[PDB]
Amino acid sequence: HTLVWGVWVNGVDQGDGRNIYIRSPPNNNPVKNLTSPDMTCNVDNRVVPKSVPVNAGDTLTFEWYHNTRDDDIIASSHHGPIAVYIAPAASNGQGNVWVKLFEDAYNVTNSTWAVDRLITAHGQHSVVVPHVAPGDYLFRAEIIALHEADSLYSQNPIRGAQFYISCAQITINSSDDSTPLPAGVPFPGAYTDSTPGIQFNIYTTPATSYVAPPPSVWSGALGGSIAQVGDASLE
């Protein structure tokens, strides 16, 4: 169970974004129903009043939390990958629009899942803003907790992969648009019960065999990290 508090841009805290520039759900409950509209931007997808200004090449950092800011972030048990997607805001996240900017499942050297390192990073993971058209976008951060993912939700609704999905309203101001935004996958729709990385047993299967759900990261992605950028105790 985890939620986004806000974002940072180039290491500058944009402030509490909950229901302001994040389309925040009412609580930190996972989405599990792969067919639900809740997969798009979680259970309360609506336009919120603010959209954070960035430029292409900026570092945009999502900051997650559990109950309060800069707490335990997410239960240790919730091992799994992290992805970030982007879509034009005009889409409202409908259609084949979600382009993947970031994927991290499991770091072989460190022996740590993305979620494990997210905790260590005080809830913070980043993407570099791509050189798409200036305009309004949705950045959809997605944490998949796999601790009950050996079952399918569709078969057993008490279990299943858990999706912690947060859509941030971001406005790209300066960009040369050298990498126009390509089509993307639909949410709901890109993940089905037979998609790799939806059903997995993290207890018996080595993490080095885990394949995260497609799609692949777009060649226009400028990178990202799971790493603390800013200190919530100070700003």
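Residue numbers run from 1 along the displayed sequence.
Q: Which has higher Cα B-factors on average according to the PDB entry: 215-223 or 10-18?
A: It is 215-223.
Q: Comparing 101-109 with 114-122, which has the greater mean CA B-factor as deposited?
A: Going by the record's values, the stretch with the higher mean is 101-109.
Q: Which has the highest CA B-factor per the PDB entry: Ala161, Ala83, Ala90, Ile165?
A: Going by the entry's C-alpha B-factors, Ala90 comes out highest.
Q: In terms of recorded Cα temperature factor, pick the maximum from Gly57, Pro26, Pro30, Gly189.
A: Most elevated C-alpha B-factor of the set, per the entry: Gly189.
Q: For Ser209, does the deposited CA B-factor place it in the lowest, middle or highest third of the chain?
A: For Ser209, whose C-alpha B-factor we compare with every modelled residue in the chain, the answer is the highest third.
Q: Divide the modelled residues of the chain into thirds by Cα B-factor and specify which third, lowest, middle or highest, holds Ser154.
A: It falls in the top third of the chain.
Q: Considering only modelled residues of the same chain, in which third does the CA B-factor of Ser36 rank: lowest, middle or highest?
A: Middle third.
Q: Give the position of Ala232 by CA B-factor within its chain, expressed as the lowest, middle or highest third.
A: Answer is middle: the recorded C-alpha B-factor places it there.
Q: Splitting the chain's C-alpha B-factors into thirds, which one does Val132 fall into?
A: It belongs to the middle third of the chain when residues are ordered by C-alpha B-factor.
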